[PDB]
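> Just dropping in an experimental structure and the matching sequence.
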There are 2 protein chains.
Amino acid sequence: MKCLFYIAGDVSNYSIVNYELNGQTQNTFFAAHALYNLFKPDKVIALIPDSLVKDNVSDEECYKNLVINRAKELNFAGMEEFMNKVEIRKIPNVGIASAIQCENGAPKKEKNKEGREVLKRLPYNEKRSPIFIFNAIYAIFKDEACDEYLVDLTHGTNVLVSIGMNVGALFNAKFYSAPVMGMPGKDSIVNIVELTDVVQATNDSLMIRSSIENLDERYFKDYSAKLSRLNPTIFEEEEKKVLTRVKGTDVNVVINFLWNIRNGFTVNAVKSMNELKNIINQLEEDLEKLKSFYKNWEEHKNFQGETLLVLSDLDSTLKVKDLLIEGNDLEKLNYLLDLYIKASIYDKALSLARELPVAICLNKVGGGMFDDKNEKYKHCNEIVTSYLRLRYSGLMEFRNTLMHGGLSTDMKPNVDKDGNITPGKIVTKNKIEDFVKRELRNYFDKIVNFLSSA
Amino acid sequence: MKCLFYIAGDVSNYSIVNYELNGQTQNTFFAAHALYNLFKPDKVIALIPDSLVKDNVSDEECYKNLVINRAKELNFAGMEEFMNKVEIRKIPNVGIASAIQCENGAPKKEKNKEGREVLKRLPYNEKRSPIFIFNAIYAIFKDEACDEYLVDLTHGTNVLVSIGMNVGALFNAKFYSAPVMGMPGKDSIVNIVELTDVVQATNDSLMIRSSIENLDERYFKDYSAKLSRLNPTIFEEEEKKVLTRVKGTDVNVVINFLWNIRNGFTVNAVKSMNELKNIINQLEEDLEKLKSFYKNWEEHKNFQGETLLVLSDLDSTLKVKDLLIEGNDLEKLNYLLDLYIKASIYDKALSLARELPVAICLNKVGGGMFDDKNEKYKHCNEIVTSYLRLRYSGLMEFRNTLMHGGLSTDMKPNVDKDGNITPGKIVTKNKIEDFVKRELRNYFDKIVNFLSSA
């Protein structure tokens, strides 16, 4: 079931216009109705700020009438069957504001000196926390028990619109706003902007940045499809050049790189680091071009209506450069070890710390396969394992524990007659954390320094 | 290098008022100015929207001057360090607007019937995608090469303020807005809201929800400290009882649960399932109370200045319920197995898939410790290990491969004298993904079904 939320703003000012989206318009005066008529939401929620409108009796009914009174001053069609269905929720606000009074069920008047006016004279000053407003709006949103969320940010302060945005963001809301910018009077058409793609673009980028940070590809948003269907109707020879370049950037290689690093295919990931260096070096110059293009945006108005191309998605992808290093595969794996310590992926860091000295040893002796049939390996492993069980006894103990997990001979849990397990060792969250993140890099360098002589 | 970013909008309608924030009071008509004084930003970016100014040779100074002209008009004592040391950048806009048209510095006046205010252009056919505006603003933000980002959203349209916020979110920007809404009058005590916490609150919630989805405590934002310093001054008894309840919710248990699930301490993760069922059941009722509190926010005006309590942080924590099940530790580990398949954590799923049948066997034979000294275990393991080596050759091969990783005897890579390494048995991302996510559960159930007979 669809749900449409809107910010009340002020209905007394604005007039009749032609609100349009997707080549379809509506004959109305207020933003909310145009969207309502086009989308057919099962519920419609109004957000009355505590400042604007104060009835004493029922602020909920006062606005309900304030709307009908502006409909009858322009003699509009319908808007009465609409009003019955709308739920009206009071929302807080902050700062000085033009607060209008309400006598019992309708706004009182106020002759003033010349014209005709309502009650609006030094009616509001209030200091609030925006998180309070946030919580209040969140509460309303949560309790509506909606499936599809639709938000109208047309009216209301930059503070309420921004707050309303962040709330809606947590309900996967489609955001809409009609840029007013004064008033056209009658016979003017207004285009409703959709601010959902901008909100997704930013989450996508924050998530993509953590994929790299925490070596986890499950957080990387695959904008390959966004790029594949990206093809505007009008384009110059310089912009067609760069858009064809961006359209074919191998994002899947970046995703695969993360998948290998995550699942511990350390050898495969290290071989790629060169391919990726080239992928991101091409993306860097594609992006620098796209940047001067958007820095001098007025010369390039072709992208003016294009949605699918978003800089943040690509720029956030360039962070994968932080995962690459130059050198031989052994030097690349050495850096990968550090990366596994930085992101707190303890198990992969330990296995790499314990096996990398064997591959180092195998290089010193001219090379060989990581097989028990290989003589060079057979002894290299024996030296590492033994020097490794003589000193650095702890490293192996941890690596083992983490490899097998809680349900294993290394943890010695006890299964009872009934079906309940009682552990046999204590999960030392802090000696793992402390050992890996502090001592282990030193314990590896000390090992590697020892086998250099070999 | 601190960089203050703000939307100029119109300076002609700004009254000379006073600004307060964190015990510091600066008096300027526009918020940016005030913000400059107390923050002392190394750079100041004006972000001039295209619609509000229109000049032939270079409008970037038209505004430059529009500001200076409104300063000398009411004889401002400051503006010296601000002006001539402020950058300006041209930014796009949507809908219908158009305003101030200028020559070579200063705005063009008009007489009409009565008055002497600047003639504003009326047509504004600018239909452009918000993502375009987003990219254009992003470009400006990226290229300033700033360390600390500060954004002023007090000025600007609901579309620009929202777009500006999503950009500023990607630069770890402290957001500020001075709520006006109507004419406030010269020399008015107006304070500026900080929206940074609302923007963090939402990212924190999206991340917390992911931490639960992907069984990764690295994504869980620990709001324990936020909750520990949460002490409002005036609070009614009903408010104090509920706030003391929330203030002492064991978020660390939720974090620990995720840390164990992530690092494969499967027994401990399952043991604490019951504790957490109670933690979240207590949180559910605290949250339901906190909800009606914020639904009837007009009655709980004690929290209106409170910034440390955030509903979204707690509500997102309730998602951890999706990780819990009821039953004996064996039934609890069985669910944990599927959770490991759902989140694509292949390594832990396989280990649990292999060892869980052993513990299942151990239960049938009256119980025993997961030690080689235990006879019941010794043979249970032998049956499990053999049946898999017999019927499920595959599982045992993948489990082994993932435990040791690419650089090991299970992958057989080969080291060269140069140090270049080539992967051996080379296993594909889709071989693993498909096996685990498709055939792995059925294969477990088949093993489990067999050992029931034992």
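Here it is on my side, so go on. Residues are numbered from 1 along each chain as shown, chains lettered A, B, ... in the order given.

> and the helix or strand where residue A:161 lies, how far out from the chain's middle?
Following DSSP states H and E, one finds residue A:161 within helix A:158-169. On the basis of CA atoms, centre = their mean, to the nearest Å, helix A:158-169 sits 15 Å off its chain's mean C-alpha point.

> next one: stretch A:153-162
Chain-centre distance of stretch A:153-162: 21 Å, with CA atoms, centre = their mean.

> Keeping just the C-alphas, turn that stretch into PDB.
Provided in PDB are the C-alpha atoms of stretch A:153-162 (Å, rounded to 0.1, in the frame of the first residue of the first chain):
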ATOM      1  CA  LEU A 153       9.400  18.300   0.000                       C
ATOM      2  CA  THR A 154       7.900  21.200  -2.000                       C
ATOM      3  CA  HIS A 155       7.000  23.300   1.000                       C
ATOM      4  CA  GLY A 156       8.600  23.800   4.400                       C
ATOM      5  CA  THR A 157      11.900  25.300   5.600                       C
ATOM      6  CA  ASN A 158      15.400  24.200   4.300                       C
ATOM      7  CA  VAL A 159      15.700  22.700   7.900                       C
ATOM      8  CA  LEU A 160      12.400  20.700   7.600                       C
ATOM      9  CA  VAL A 161      13.100  19.600   4.000                       C
ATOM     10  CA  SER A 162      16.600  18.300   4.900                       C
END
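
> Up against chain B, what does the stretch 351-454 of chain A have?
A:351-352, A:355-356, A:359, A:362-363, A:366-372, A:402-409, A:411-421, A:423-424, A:427, A:429, A:432 (CB under 8 Å from any CB of the partner chain). For every residue, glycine as well, the C-beta is placed using N, CA and C.

> what about the strands in the stretch 301-450 of chain A?
A:367-369, A:414-415, A:421-422 (DSSP state E, counting those that start in this stretch).

> Pick the most buried one from those strands.
Here the criterion is mean neighbour count by mean count of other CB atoms under 10 Å in any protein chain shown, and of the strands of the stretch 301-450 of chain A the winner is strand A:414-415, at a mean of 24.

> And the helices in the stretch 301-450 of chain A?
Along the stretch 301-450 of chain A, the segments classed as helices by DSSP state H, counting those that start in this stretch run A:311-317, A:329-342, A:346-364, A:375-390, A:393-404, A:429-434, A:441-450.

> Can you tell me which of these is nearest to residue A:263?
Evaluated with CB to CB, the helices of the stretch 301-450 of chain A place helix A:346-364 nearest to residue A:263, the distance being 8.5 Å.

> which other helices and strands contact that closest one?
With contacts defined as 3 or more CB pairs under 8 Å, 6 or more residues apart in numbering or on different chains; DSSP states H and E, the packing partners of helix A:346-364 are helix A:329-342, helix A:375-390, helix A:393-404, helix A:441-450, helix B:393-404, strand B:414-416.

> ok, the closest residue to residue A:322 other than its chain neighbours - how many residues close by?
In this structure, residue A:322 finds its nearest non-sequential neighbour in residue A:212, 6.1 Å apart by CB to CB, 6 or more residues apart in numbering or on different chains. Residue A:212 has 25 neighbouring residues, counting by other CB atoms under 10 Å in any protein chain shown.

> Same check on residue A:245?
15.

> What of residue A:85?
Neighbours around residue A:85, by other CB under 10 Å: 11.

> ok, now the one 5 residues further on?
Using other CB under 10 Å, residue A:90 has 20 other residues around it.

> circling back to that earlier point, for the residue nearest to residue A:322, which residues are in contact?
In this structure, residue A:212 makes contact with A:258, A:319-320, A:322-323, judged by CB atoms under 8 Å, 6 or more residues apart in numbering or on different chains.

> what about it, distance to residue A:319?
Using CB to CB, to the nearest Å, residue A:212 is found at 5 Å from residue A:319.

> Could you do residue A:77 as well?
Using CB to CB, one gets 54 Å for the distance from residue A:77 to residue A:319.

> who has more neighbours, those two?
Neighbour tally, residue A:77 and residue A:319, criterion other CB under 10 Å: the higher count belongs to residue A:319, 17 against 8.

> need the contact list for that one.
By CB under 8 Å, 6+ apart, residue A:319 lies in contact with A:208-209, A:212-213.

> one more time with 7 Å, if that's ok
Residues in contact with residue A:319, defined by CB atoms under 7 Å, 6 or more residues apart in numbering or on different chains, are A:209, A:212.

> now residue A:95
Contact analysis of residue A:95 by CB under 7 Å, 6+ apart lists B:178-180, B:190.

> Brilliant, that's me finished.
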